[PDB]
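Novice: Those letters in the sequence shown? Residues 1146, 1160 to 1270, 1282 to 1324, 1330 to 1344, 1356 to 1743, 1750 to 1899, 1914 to 2127, by the authors' numbering.
Right, I'll just put the structure down here and ask away after.
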Amino acid sequence: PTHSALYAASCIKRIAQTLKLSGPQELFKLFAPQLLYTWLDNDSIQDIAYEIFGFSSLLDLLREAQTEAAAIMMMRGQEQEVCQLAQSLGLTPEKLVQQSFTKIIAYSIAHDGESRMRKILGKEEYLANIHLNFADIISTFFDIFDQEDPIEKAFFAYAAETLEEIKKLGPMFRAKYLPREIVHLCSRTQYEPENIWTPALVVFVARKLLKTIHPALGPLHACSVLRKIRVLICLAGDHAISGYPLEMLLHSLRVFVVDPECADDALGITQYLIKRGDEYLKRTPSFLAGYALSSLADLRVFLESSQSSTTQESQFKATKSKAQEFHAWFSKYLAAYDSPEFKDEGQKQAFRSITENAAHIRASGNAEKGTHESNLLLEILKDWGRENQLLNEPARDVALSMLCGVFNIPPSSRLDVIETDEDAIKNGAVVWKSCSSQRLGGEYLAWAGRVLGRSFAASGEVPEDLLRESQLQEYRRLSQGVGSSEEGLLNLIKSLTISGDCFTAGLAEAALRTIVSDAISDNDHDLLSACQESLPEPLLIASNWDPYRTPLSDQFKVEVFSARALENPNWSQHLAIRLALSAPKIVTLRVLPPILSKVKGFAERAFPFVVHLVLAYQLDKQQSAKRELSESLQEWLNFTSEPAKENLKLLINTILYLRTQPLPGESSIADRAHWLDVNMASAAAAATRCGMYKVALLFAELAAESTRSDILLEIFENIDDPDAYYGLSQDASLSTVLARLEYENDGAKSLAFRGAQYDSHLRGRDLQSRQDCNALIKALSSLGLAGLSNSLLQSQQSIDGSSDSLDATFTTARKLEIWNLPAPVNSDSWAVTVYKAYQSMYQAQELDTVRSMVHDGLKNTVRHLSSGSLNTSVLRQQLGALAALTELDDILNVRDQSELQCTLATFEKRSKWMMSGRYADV
């Protein structure tokens, strides 16, 4: 490219539409270099097709193509055309050249015209711009250099041998330039062209290179970017093999090692780095444990997978052999590893076991006794629950997703890796923490169900992860050491460097670099004390622009105070950005919008810290955020909705968190009610809607203090205390005594009052009798009179009794042994699950069908426990269903008399626990 304009427009729209891209302009943002170069060679920008890459203007296409176009013009030379661009924009040529100075110098040095830049800015301003844009210029030098023959030019008398070793192990401008280019730029600043490779600059350039690759841009890009990274590693020398740069590079090069296109490059760089950084990896065994686990797992999976169609079937055997030998060498190195930095000998044995078992695992995981996958799973779980743990969350998540993705649950439980009631009580908490993901197969959920059921049948206690209702424990685990919001945000950002994709880790490293540098320069002691306790020392050193200045490529910037805004799933993100933008003087909030908008799920984790930081900042100034938030809360708290429940939980947790932060200039904790202005009755009602009853009770007490009973009833009925309900006063009648007797789960005593009501309503042809019948059924199923409740069931013909009738229709059937009911499928009821297991036990001729039905029951019960909003009675019912299915599975798998007697003895020990436990569970 008349119709060709429109056809090309539609084609580009379809290309960027069916490639996970935003729109056609975001497809011009990736290719503007090449299009503009090849086109502006012999043409002028003013007559370009703004109809492809839908823009609706040329002054819209230019507000994005200033930099590339200007730099290319000044690369070849169109001074009058740069002036025409500038005129059209609105900015004179001089401030324009001041906007895109970096790319201009990158290309010009590459294409040799810098004197022509001196003749427009000056001879004391141009050098200031080179001082301001040094690292961005080096980054743009590594972008455009073409990999042709770098080792030839190297002999810079150390890059040659280093690149030779890393090759022995395993606009475009030629490589021959690269050294001299740097020199010519660095002979006009103070920093000498020889040695400019502090770790901040190294990580900067390396992250630039990685971010350059893209999923839509092809798997042939990656191997070129990798060659250039090898050049950077050989050139930087001793700063890219120690400290945080070492960790950072090992991560991404691992990701390039599992790429079947070329694992020849990345395996070599990885060998060189691991071999050369031995003196450092012996100081950080916690990093090496997780890296070894992740890398070994990925390698094993890549070894087993074998699908080569667009790869030369011999090229594949080559790379497979290379991978196998790297695995054998790495396993030897790990077996020989021994560090003085191990906390105890327990940690050393854990390291040995983890590495050794991971070296010999298969493609999937199992739970048998004595295999490698089961020993590795047990080691990961046992480590998870500890205080000084080796693996971090990303490494453990990788290993678990590799083992538990396709699982193999043993048929019996004598061959199981967890077979005693004691191991189950010990590992129940961690096994529940494990099955709170979504990448877990069905057989792993069945195994986790068996373990949780054995733990509850042996202890009768709920894992505490299921009982907590607020997030205050997370907020206190983050903001630890000093207990401030700055440490909380620093931990949240630091956790993104290790648990992110190239983009996210880049955003986090950039934010930390700006934060730590501004804390070092301005000598902020509070923020310094926050950093020294949130970041380990290698990351605290690689975040400091000591001999440089923070580059303009890092600091990149990017109604919600009203109702009905609480319902869109991005309320937290928009509100957090809106708040963080209102406090630019706090450096920790200035760098946030670039992370709050990109990273997913970060705004919900960081919302309380942001709100507290803003409110504490503008305490003595004009209090704007306080006024806005406290005016919006009057509408947000009175919000009954299903889509708005998950943001209401976050508002309540923010209020709770602010209650624990000391006001400056306070006499008592009774002044922490001035962070915001909450109406505590509305907050109590809201917390009752969300199912947080202890939080609701706390708010109700604060409200009553503010004063000196319709919400207290809903609180008391559901809170988990035997005696609390009786403290509530209400007007007396036979109906209220009946309500108390049905709460109390009394036997004949509620049967009397209910029979009276039921008769009086049948006689008067009242419509409440149905409800009465419902209640009666409940009562008669809490006594044990199953025949009477059965007869009360058949009579009722409108079976529309929320879920009380659903459960009552199958408890009775199981007790009377009526095995022909058609059981609903996908039901949240424990009675239905247990009934289906026993029914299948009745109508089956082989044990395999019964085992399959039991395992399906365990799997579904665990998924329902993971579903979330369950109060305590339903929770304990589901756990009791797990226990019942586990005992069923235990007696189905007996083979001789000795196991029968062992099962009986197990029943006796569990009786020991049962004698004093809660009565419903028992």
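We put the beta carbon where it would ideally sit given N, CA and C, even for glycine.
Quick check: the Cα distance between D1568 and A2088, rounded to an integer number of angstroms?
Specialist: Along the sequence shown, read from residue 1 onward, the residue named residue 1568 stands at position 383. Along the sequence shown, read from residue 1 onward, the residue named residue 2088 stands at position 883. Cα to Cα, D1568 sits roughly 26 Å from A2088.
Novice: Quick check on the burial criterion: 16 or more other C-beta atoms within 10 angstroms. Buried or exposed for residue 1748?
Specialist: Since the numbering of the chain jumps from 1743 to 1750, residue 1748 cannot be located in this structure.
Novice: Across which residues does DSSP place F1314 in a beta bridge pair?
Specialist: Looking up residue 1314 in the sequence shown gives position 145. Answer by DSSP bridge pairing, in chain order: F1358.
Novice: Identify which residue in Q1183, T2066, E1604 and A1268 has its Cα closest to the Cα of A2086.
Specialist: For the purposes of this step, residue 2086 is identified with residue 881 of the sequence shown, where counting begins at 1. The shortest Cα separation from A2086 among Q1183, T2066, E1604 and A1268 belongs to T2066.
Novice: Following the continuous alpha helix (DSSP H) through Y2047, name the residue where it begins and the one where it ends.
Specialist: Counted from its first residue, the sequence shown places residue 2047 at position 842. Run containing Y2047: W2035 to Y2047, per the alpha helix (DSSP H) assignment.
Novice: Within 10 angstroms of the Cβ of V2127, are there 16 or more other Cβ atoms? Answer buried if so, exposed if not.
Specialist: In the sequence shown, counting from the first residue as 1, residue 2127 sits at position 922. The residue is exposed, with fewer than 16 neighbouring Cβ atoms inside 10 Å.
Novice: Say whether the region 1656–1670 touches the region 1612–1632, bearing in mind that this needs 3 or more beta-carbon pairs closer than 8 Å, one atom from each stretch.
Specialist: Contact fails: fewer than three Cβ-Cβ distances are below 8 Å.
Novice: Buried or exposed: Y1332, going by 16 or more other Cβ atoms within 10 Å of its Cβ?
Specialist: Position 158 of the sequence shown, counted from the first residue, corresponds to residue 1332. Exposed is the call here.
Novice: Take the Cβ of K1840 as the centre, count every other Cβ of all protein chains shown within 10 Å, and call the residue buried at 16 or more, exposed below.
Specialist: As a position in the sequence shown, residue 1840 is number 649, starting the count at 1. Looking at its Cβ environment, which holds 16 or more other Cβ atoms inside 10 Å, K1840 is buried.
Novice: Which ranges would you report for the beta strand (DSSP E) in the region 1920–2000 if only whole runs of at least 3 residues count?
Specialist: None, since the region 1920–2000 contains no complete beta strand (DSSP E) of that length.
Novice: Between which residues of its own chain and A1631 is the CB-CB distance below 6 Å, once the five residues before and five after are set aside?
Specialist: Within the sequence shown, the letter at position 446 stands for residue 1631. Taken in chain order, the residues that qualify are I1594, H2060, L2063 and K2064.
Novice: Does DSSP put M1233 in a helix, a strand or coil?
Specialist: Start at 1 with the first residue of the sequence shown, and residue 1233 comes out as number 75. Here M1233 sits in helix by DSSP.
Novice: Quick test of your reading: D1444 and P1404, contact by CB under 8 Å. State the CB separation rounded to the nearest angstrom.
Specialist: Locating residue 1444 in the sequence shown gives position 259, counting from the first residue. Locating residue 1404 in the sequence shown gives position 219, counting from the first residue. Going by Cβ atoms, the distance from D1444 to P1404 rounds to 7 Å, so yes, they are a contact pair.
Novice: Where does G2062 fall in DSSP's three states?
Specialist: To locate residue 2062, count along the sequence shown from 1; it is residue 857. In this structure, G2062 counts as helix in the three-state DSSP scheme.
Novice: Take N1979 as the anchor and find which of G1181, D1449, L1998 and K1836 has the nearest alpha-carbon.
Specialist: By one-based count along the sequence shown, residue 1979 stands at place 774. If we check each option's Cα against that of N1979, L1998 comes out closest.
Novice: Looking only at its chain, what residues have a beta carbon closer than 6 Å to the beta carbon of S1437, apart from the 5 residues adjacent to it on each side?
Specialist: On the sequence shown, position 252 is the one that residue 1437 refers to. Taken in chain order, the residues that qualify are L1395.
Novice: Can at least three beta-carbon pairs, one atom from the region 1217–1230 and one from the region 1253–1267, be found at a separation below 8 Å?
Specialist: Cβ pair count under 8 Å is three or more, so yes.
Novice: Determine whether the beta carbon atoms of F1798 and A1767 lie at a separation below 7 Å.
Specialist: For the purposes of this step, residue 1798 is taken as residue 607 along the sequence shown, with counting starting at 1. For the purposes of this step, residue 1767 is taken as residue 576 along the sequence shown, with counting starting at 1. For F1798 and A1767, yes; Cβs fall inside 7 Å.
Novice: So does the region 1952–1961 actually touch the region 1917–1936, counting three or more Cβ pairs closer than 8 Å?
Specialist: Touching, no, given that fewer than three Cβ pairs across the two stretches are closer than 8 Å.
Novice: DSSP three-state call for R1755: helix, strand or coil?
Specialist: Counted from its first residue, the sequence shown places residue 1755 at position 564. Correct three-state label for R1755: coil.
Novice: With C-beta atoms as the reference, is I1843 less than 7 Å away from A1878?
Specialist: Along the sequence shown, one-based indexing puts residue 1843 at 652. Along the sequence shown, one-based indexing puts residue 1878 at 687. Yes, these two residues count as a Cβ contact at 7 Å.
Novice: Consult DSSP for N1838 and reduce its assignment to one of helix, strand or coil.
Specialist: Locating residue 1838 in the sequence shown gives position 647, counting from the first residue. If DSSP states are grouped into helix, strand and coil, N1838 belongs with the helices.
Novice: Comparing alpha-carbon positions, which option in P1736, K1611, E1578 and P1784 lies nearest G1685?
Specialist: Here residue 1685 refers to the residue found at position 500 when the sequence shown is read from its first residue. It is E1578.
Novice: Under a three-way DSSP split, which group does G1291 fall into?
Specialist: Reading the sequence shown from its first residue, position 122 is the one you call residue 1291. In this structure, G1291 counts as coil in the three-state DSSP scheme.
Novice: Specify whether the region 1755–1770 and the region 1825–1835 touch according to this definition: at least 3 beta carbon pairs, one from each stretch, less than 8 Å apart.
Specialist: Contact holds: three or more Cβ-Cβ distances are below 8 Å.
Novice: Between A1895 and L1939, what straight-line distance do the alpha-carbon atoms span, to the nearest angstrom?
Specialist: Walking along the sequence shown from the start, residue 1895 turns up at place 704. Walking along the sequence shown from the start, residue 1939 turns up at place 734. Straight-line Cα distance between these residues: approximately 29 Å.
Novice: Helix, strand or coil for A1548? Go by DSSP, reduced to three states.
Specialist: As a working note, residue 1548 is residue 363 in the sequence shown. DSSP places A1548 in coil when its eight states are reduced to three.
Novice: Given this structure, state the Cα-to-Cα distance separating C1371 from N1380, to the nearest angstrom.
Specialist: By one-based count along the sequence shown, residue 1371 stands at place 186. By one-based count along the sequence shown, residue 1380 stands at place 195. Looking at the two C-alpha atoms, the distance is approximately 10 Å.
Novice: Assuming contact is defined by CB atoms lying nearer than 7 Å, are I1306 and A1264 in contact in what I supplied?
Specialist: For the purposes of this step, residue 1306 is taken as the residue at position 137 of the sequence shown. For the purposes of this step, residue 1264 is taken as the residue at position 106 of the sequence shown. Their beta carbons are under 7 Å apart, which means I1306 touches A1264 by this criterion.
Novice: Please return the same chain residues whose Cβ sits closer than 6 Å to the Cβ of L1420, not counting the five positions on each side in sequence.
Specialist: Taking the sequence shown and counting its residues from 1, the one referred to as residue 1420 is at position 235. For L1420, where only same-chain residues beyond five positions count, the Cβ hits under 6 Å are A1333.
Novice: For a test of the three-state rule: what should DSSP assign to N1761, helix, strand or coil?
Specialist: Translated into the one-based positions of the sequence shown, residue 1761 becomes position 570. Correct three-state label for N1761: coil.
Novice: Whole angstroms are fine: how far does the CA of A1544 sit from the CA of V1583?
Specialist: As a working note, residue 1583 is residue 398 in the sequence shown. As a working note, residue 1544 is residue 359 in the sequence shown. Whole-angstrom Cα-Cα distance: 15 Å.
Novice: Quick test of your reading: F1303 and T1374, contact by CB under 8 Å. State the CB separation rounded to the nearest angstrom.
Specialist: By one-based count along the sequence shown, residue 1303 stands at place 134. By one-based count along the sequence shown, residue 1374 stands at place 189. Right, the Cβ-Cβ distance comes to about 6 Å (below 8 Å), so this counts as a contact.
Novice: Less than 6 Å between C-beta atoms, sequence neighbours within five positions excluded: which residues of the same chain meet that for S2034?
Specialist: As a position in the sequence shown, residue 2034 is number 829, starting the count at 1. Only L2011 and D2012 meet the Cβ criterion.
Novice: Starting from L1889, trace the alpha helix (DSSP H) in both directions and tell me its first and last residue.
Specialist: For the purposes of this step, residue 1889 is taken as the residue at position 698 of the sequence shown. Residues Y1884 to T1898.
Novice: Just the C-alpha distance for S2008 and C1589, rounded to the nearest angstrom, thanks.
Specialist: Sequence index remark: in the sequence shown, residue 2008 carries index 803 (1-based). Sequence index remark: in the sequence shown, residue 1589 carries index 404 (1-based). Distance between the alpha carbons of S2008 and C1589 is about 34 Å.
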